[PDB]
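Beneath this line is the structure, given in structure tokens, with notes to follow.
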Amino acid sequence: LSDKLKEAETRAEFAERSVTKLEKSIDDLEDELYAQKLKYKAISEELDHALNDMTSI
Amino acid sequence: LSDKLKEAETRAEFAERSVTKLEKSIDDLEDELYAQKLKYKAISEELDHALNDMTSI
Amino acid sequence: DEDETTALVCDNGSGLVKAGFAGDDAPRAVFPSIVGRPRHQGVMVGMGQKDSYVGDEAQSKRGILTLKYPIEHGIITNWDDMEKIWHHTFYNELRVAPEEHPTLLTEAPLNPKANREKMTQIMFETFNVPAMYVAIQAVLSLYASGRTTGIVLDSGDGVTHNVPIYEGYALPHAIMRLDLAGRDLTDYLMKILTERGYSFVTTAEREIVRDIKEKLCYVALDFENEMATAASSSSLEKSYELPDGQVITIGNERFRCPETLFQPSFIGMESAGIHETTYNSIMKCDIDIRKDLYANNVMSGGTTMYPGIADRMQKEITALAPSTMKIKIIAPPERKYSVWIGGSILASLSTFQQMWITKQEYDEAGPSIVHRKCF
Amino acid sequence: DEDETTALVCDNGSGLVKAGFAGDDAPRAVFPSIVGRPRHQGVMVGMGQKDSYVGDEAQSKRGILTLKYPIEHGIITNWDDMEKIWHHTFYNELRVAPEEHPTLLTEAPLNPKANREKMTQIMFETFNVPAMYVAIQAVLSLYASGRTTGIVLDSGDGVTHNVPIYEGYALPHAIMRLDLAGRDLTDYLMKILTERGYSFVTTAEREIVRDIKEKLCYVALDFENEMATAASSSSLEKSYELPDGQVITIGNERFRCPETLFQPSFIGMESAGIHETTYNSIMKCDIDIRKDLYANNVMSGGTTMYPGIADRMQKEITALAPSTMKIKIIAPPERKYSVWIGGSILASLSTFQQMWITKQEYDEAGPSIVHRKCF
Amino acid sequence: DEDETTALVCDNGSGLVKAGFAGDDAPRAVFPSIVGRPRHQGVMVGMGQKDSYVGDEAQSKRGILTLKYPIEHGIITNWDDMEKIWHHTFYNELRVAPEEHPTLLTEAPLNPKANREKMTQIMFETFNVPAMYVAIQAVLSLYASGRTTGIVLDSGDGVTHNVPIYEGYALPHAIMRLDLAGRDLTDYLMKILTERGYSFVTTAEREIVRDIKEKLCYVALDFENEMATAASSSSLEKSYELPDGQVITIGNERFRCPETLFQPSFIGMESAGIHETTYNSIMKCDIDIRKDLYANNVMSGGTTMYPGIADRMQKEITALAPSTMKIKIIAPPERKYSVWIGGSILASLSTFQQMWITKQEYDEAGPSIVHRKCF
């Protein structure tokens, strides 16, 4: 049990690092997604804005 | 230790599941960030390419 | 035995009591809310034997005791028995006299007035506490989690209160009080374990089933698929060891129990479940509040420790919620101990010293004062 | 069973369903807008048992039913349950069939257009009514009270409308549609009765509370004074007998609930109360209009039947209003059911027989036709 | 005798087995749930003598047999002995082969599932019955009593379940299973009769005490008053004649045996009794159900034979029950036979002929099928 525990605890803590690494990567991907969404938004809106202003001429 | 193991195993399993949930969420973020970039810069950057033509004349 | 006149924190529920000293990060005295009494005729003499046993005494000698809980569905129904729990918790385990330690007690926002005033009265007239305060569990949960905003799902043994707070302010019109709690989940398990050939009705049996639930049960993210395999194969069964060396093997009952949280009809309750109530606590708040409550769905108290529950809830609220919106659950490992932690944070807060009712104001106004002074 | 093709008149609200025939002075029958469904598994064989129950059937068998109201704060969403309510109203009570009679239904002036379109669609497509007419509740409220000029204060179960009408004309910019109603009072009373130690959360409990409110509640002319005595003495308490023999004694909750009409903050609503909305709807009108509207504040709908309500609103409006000018509330005994009466008045006017959508125009245009033909 | 392929009906407890043909008002055969076996060495030859004796055979030759029953606290533990009992009951007494008749067997809803699976398997595999159904004992008790609504207190030999039904629907969350029945009452009496000088421990002796209980005991409307007299005066003793010509007189023990129904602590059980479960099953039913169940609490099964029990129970429930409401216990003549009678009523309904598991569905799925097909 000490060995199985060391493995369960080691695997748990390691896997917990995989949890925090995947989680961190998810947050970073979300910050990137957001930034991407923000740029998308900003561009579509900048164009739609400018286009509305410039629909005429 | 049996309980510490079951608990560590719960933690290991938790972490395997949490990792699984995050394996899913990392892939969802990998696919959502991908899809958002793939559709967002591809569309809005395309919209700016279209600006090159839209604003011609 | 403490080195400072710090208020005690005592989260006394229908299940267990978590007690300790304000300013610390954990309770020091944890007891079940149990007062036990012998149900047998004595034969030997000079055996000691108490009229009543409390806390751990009640469980250690339980083989011949009937065990009762002084607190039911969020309130004290037997205050004399709570004085017995409190005396032991304070003087034997925490080793403190309330006379120099004001003590913070907890309650749900829509909890009957009688309970908040009775708790105040006992501490002032039986324990001679110099001051009192009764706190909202949702407040304490948000302090412990590092938030001023969120939905507190305090899903313990007594009542699930489903209460929203925004920028530190209560949003009481949106509190969804729900008559579904950990005590009902235990009763449901006793009934479906009866279906398997293992009836549980007596005190020893009731305590065993609660222990089975805490150790074996889970919700996971998909009930029907989990049931399809649990009902078809031994591969999803888990054995539990009973106190006499015998065992019970449990299959889909393992998840059918806590599923009552998502399917209250399992115990005859007219409810759509805890995710509907979480959703309504968010939805019934103003439109510029909703976004912050969706992002701060807070798990607190008991049952928050069922495997898959933090994610199960985020999924179930997301399913009811508008698209685009981010629904997020706050579910730290300090789950269920967060009310105690908040009690410590609030009781010791310099900005909250004036919130204590002193034993001056108490006698001039009587115990009903707690209703006007605490919040 | 009628000997003439008189129009049928019905007010299908979030509370009650009122119905009778045009030309009468009262609905012939009134019952709740309820369709009930079993929340339990049947075990006896050959027991009959419906999939759903309607109106008084839904309440009579409610012990095992969950009860739903198809109309949500004035709008119809569950049209299938309302088809059942209408069929019951017409065939099992009035003993009429819409196929042989034109039908008049009514809604508030700022009620979403979807309500008028769906009511029109169902009466023409499932009941084959030869004609339809969706009336304005404000129009009907003043017809019943005898005014061409005044403020309609229709404070019933769904929504309070607050609309000024002058010489038969709407003054729509001054309408103060408010999300404060008799339905909120029922839920608020369930919460403050919980504070007293009598928790109410289920349908049966909600129907019990609606009965407590309807029989025990009032607002009072002076809230704070009534509160001070009700909170201090048993002399202002009144008991209520529950269906199961339990007795609840109610004190200041008896008026604190209804007081929400003047203090909406009690239920978390951002509002100054029904007296201010009445006041402002007049103040937004021209000064040659205001002199007639202040003298003719007209009550319709439920909650207007509470002791002290006409005096309470007149006092507050008078306090906000300028001197010399007279302020008065018209609050006839034909309360809560006066809009039905107004429907009878409109349906039977000779000047109204050109206002009907016929079942020709309806099929050529579809249900959206109501938006152009009625008003 | 039967001239049609009607369903067979058979109620099977830890006490007796009742059987007959569906459509009648009584079983046509009743046998003890007993299989007897010789415990002696034979010396004479050409004496016949069976390996095992069943039902009445088991009792008639019991002088040298050990007698055992197959059903314990509601479940079958010995399927082989049930097959012998049914084989004898159906083929030798009722003179019917189940191969040509559908068969209806019974259990209360919380009965462990293995019992329903065994009842289904024996009739399909050893009797080749063309069809099966397992019905709820509470369902059958209400049919026998002329009710669709009521609480069935099945105080039989094995277990009491006290199952509430409203409008023919289960209210399963309120079934308060109790570990007290007629078999335990017999054990109490054997111990108290030992105190009087009459030891009863062997099979013949155990059968005598059971017979004494059934013929001499009564509940006592007032336990303490009946005991004050019974303990003081021999005029209240009833003389029972033992099989060998000796007699036993029984005094307050005459009522202290059934008193265990109101005092389970008499046999070491952590319960107040059958009136407590009657009260708790109704207490947990919906507030709008309670009034109909309180006016219709139903006795079923045996132990209800006590000419003291009719008044004892209504007094005990009335004492706990709500005011205003009519509180009543139904104690029908269809007692001790109500499940069989209800079985006949159910089995013979035209609305029940679609409820049968056929001997097609059975073999494709196996006996676990009863769990999906019956309830």
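Read-outs throughout are calculated quantities, based only on the coordinates presented, and are distinct from any laboratory measurement. Note that each Cβ is placed from the backbone with ideal geometry, even for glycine, and that neighbours are counted across all protein chains shown.
Percent relative contact order of chain C, based on C-alpha pairs within less than 8 angstrom and at least six residues apart?
After rounding, I find 20 percent.
Hand me the trypsin sites (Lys or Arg not before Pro) from the range E:1-93 located in a DSSP loop with no more than 12 other Cβ atoms within 10 Å, in residue order please.
In loop regions of the range E:1-93 (DSSP not H, G, I, E or B), the sparsely surrounded trypsin sites (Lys or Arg not before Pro) are E:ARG39.
Scanning chain D for GluC sites (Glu not before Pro) in DSSP loops with at most 14 other Cβ atoms within 10 Å, what's the longest stretch left with none?
Free of exposed loop sites, the longest segment is D:5-166.
Per residue of the range E:339-354, in order, report the coupling 6.51 cos²θ - 1.76 cosθ + 1.60 (Karplus, θ = phi - 60°) as ³J(HN,Hα) in whole Hz, putting x for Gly and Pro.
Couplings: 6, 4, 5, x, x, 4, 5, 5, 4, 8, 6, 5, 6, 9, 7, 9 Hz.
In peptide E:287-300, how many Cβ atoms from other protein chains are near each Cβ within 10 Å, on average?
Averaged over the peptide's residues, the number is 4.
Starting from the Cα gyration tensor of the range C:105-163, multiply each eigenvalue by 5, take the square root, and state the resulting semi-axes largest first in whole Å. Walk me through the numbers before you get to the answer.
On the way: eigenvalues 120, 39, 13 Å².
Computed over the range C:105-163, the values are 25, 14, 8 Å.
What are the nm distances, shortest first, from D:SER232 to its equivalents in the other copies, labels at 7 Å along Cα→Cβ?
5.7, 7.2
Given +1 on the Cβ of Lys and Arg, -1 on the Cβ of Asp and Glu, and no further charges, what dipole in debye does the range C:182-267 carry about its Cα centre, rounded to the nearest 20?
80
Taking a point 7 Å out from Cα toward Cβ as the label site, list the nm distances between E:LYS215 and the same residue in every other copy, smallest first.
Those label-point separations list as 5.2, 5.6 nm.
Along the range E:133-140, what does the Karplus equation 6.51 cos²θ - 1.76 cosθ + 1.60 (θ = phi - 60°) give for ³J(HN,Hα), rounded to whole Hz, x for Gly and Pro?
Calculated HN-Hα couplings, in order: 8, 10, 9, 6, 4, 5, 5, 6 Hz.
Give the nm distances, rounded to one decimal, from B:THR55 to the matching residue in every other copy, measuring between label points 7 Å along Cα toward the beta carbon; shortest first.
Label point to label point, same position, other copies: 1.9 nm.
If the only charges are +1 at each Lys and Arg Cβ and -1 at each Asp and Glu Cβ, what is the size of the charge dipole of the range D:82-216 around the Cα centre, to the nearest 20 debye? Display every interim value, and only then the final one.
Numbers: 14 positive and 18 negative charges, 52 e Å.
Value, rounded to 20: 240 debye.
First check a/c for the range E:182-267, with a ≥ b ≥ c the square roots of the eigenvalues of its C-alpha gyration tensor; if it is under 1.5, answer rounded, and if not, answer prolate when a/b is larger than b/c or oblate otherwise.
It comes out oblate by the Cα gyration axes.
D:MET190: net charge of surrounding residues, Cβ under 10 Å, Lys/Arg +1, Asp/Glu -1, itself excluded?
+3
Please compute the modelled spin-label separation between E:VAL43 and D:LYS284, points set 7 Å along Cα→Cβ, answer in nm with one decimal.
A separation of 11.4 nm, rounded to one decimal place.
Give me the log10 of I(q) over I(0) for the protein assembly as shown at q = 0.04, 0.09 Å⁻¹, as the Debye formula computes it from C-alpha points; what are the numbers?
Log10 of I(q)/I(0), two decimals: -0.30, -1.35.
Karplus couplings for the range E:180-189 from phi (6.51 cos²θ - 1.76 cosθ + 1.60, θ = phi - 60°), rounded to Hz, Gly and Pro as x?
Karplus-based 3J(HN,Hα) across the range E:180-189 equals 7, 8, x, 5, 7, 5, 4, 4, 4, 5 Hz.
With +1 assigned to the C-beta of every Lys and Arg and -1 to the C-beta of every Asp and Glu, and no other charges, what is the dipole magnitude of the protein assembly as shown about the Cα centre in debye, to the nearest 20?
Computed about the Cα centre, the dipole is about 1780 debye.
Non-local amide H neighbours of E:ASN12 (under 5 Å, H modeled in plane, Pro and chain starts lacking H): which ones?
E:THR106
Inverting the mean 1/r over all pairs of different Cα atoms, compute the Kirkwood radius of the range D:257-374 and quote it in Å.
17.2
Could you point to the residue in D:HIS275, D:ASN225, D:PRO258 farthest towards the positive end of chain D's charge dipole, with +1 and -1 charges on the Cβ of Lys/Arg and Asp/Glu respectively?
In chain D, that residue is D:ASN225.
Using 5 Å bins from zero, what percent of all Cα-Cα pairs in the range D:13-93 falls into each bin?
3, 15, 24, 22, 17, 10, 5, 3, 1, 0
Could you work out the local net charge near C:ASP3, counting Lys and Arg as +1, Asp and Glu as -1, over the other residues with Cβ closer than 14 Å to its Cβ?
-3
For D:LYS61, go through the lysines and keep the ones whose alpha-carbon is under 19 Å away, minus same-chain ones fewer than eight residues off.
D:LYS50, D:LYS84, E:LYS284, E:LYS291, E:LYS326
Using only Cα atoms, locate the centre of the range C:24-65 and the centre of the range D:297-324, then give the distance between them in Å, rounded to an integer.
About 63 Å separates the Cα centre of the range C:24-65 from the one of the range D:297-324.
Would you work out the Kirkwood radius for chain C? I mean one over the mean of 1/r across all pairs of different Cα atoms, in Å.
Taking the inverse mean of 1/r over all distinct Cα pairs, chain C comes out at 21.7 Å.
With springs only between Cα atoms under 10 Å, which of E:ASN128, E:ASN225, E:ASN297 fluctuates most in a Gaussian network model of chain E?
Judging by the Gaussian network model, the answer is E:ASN225.
Ratio to report: Rg/Rh of the range C:117-236, with Cα atoms as the point set and Rh obtained by the Kirkwood method; give two decimals. Let's see the in-between values first.
Working: Rg = 19.9 Å, Rh = 18.0 Å.
Rounded to two decimals, Rg over Rh is 1.10.
Hey, any idea what the orientation-averaged projected area of the convex hull of the range C:1-159's Cα atoms comes to, in nm²?
The directionally averaged projection comes out at 10.6 nm².
Around A:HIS49, with a cut-off of 14 angstrom between Cβ atoms, what is the net charge of the other residues, counting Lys and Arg +1 and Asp and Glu -1? Kindly include the intermediate steps, with their values, before the conclusion.
Numbers: positive: A:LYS41; negative: A:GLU45, A:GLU46, A:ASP48, A:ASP53, B:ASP48.
Residues near A:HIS49 contribute -4 overall.
Quick one: length gained pulling C:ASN225 to C:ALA272 fully straight, 0.36 nm per residue minus the C-alpha distance? Walk me through the numbers on the way to the answer.
On the way: separation 47, 0.36 × 47 = 16.92 nm, distance 2.01 nm.
Once the chain is fully extended between C:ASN225 and C:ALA272, it gains 14.9 nm.
Let's test the formula: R0 of 30 Å, r as the Cβ-Cβ distance of C:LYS326 and B:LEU51. What FRET efficiency results, to the nearest 0.05?
After rounding, the FRET efficiency stands at 0.45.
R0 = 56 Å: FRET efficiency of D:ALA295 with C:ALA365, Cβ-based, nearest 0.05? The partial results should precede the final answer.
Working: r = 47 Å, r/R0 = 0.85.
Approximately 0.75, to the nearest 0.05.
Which residues among the range C:348-362 fall inside the zone where the amide N is under 19 Å from a point 7 Å beyond the Cα of C:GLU99, along Cα→Cβ?
C:358-360
Cross-link candidates for A:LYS21: which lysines have Cα within less than 19 Å, leaving aside residues fewer than 8 places away along the same chain?
B:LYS21, B:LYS24, C:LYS328
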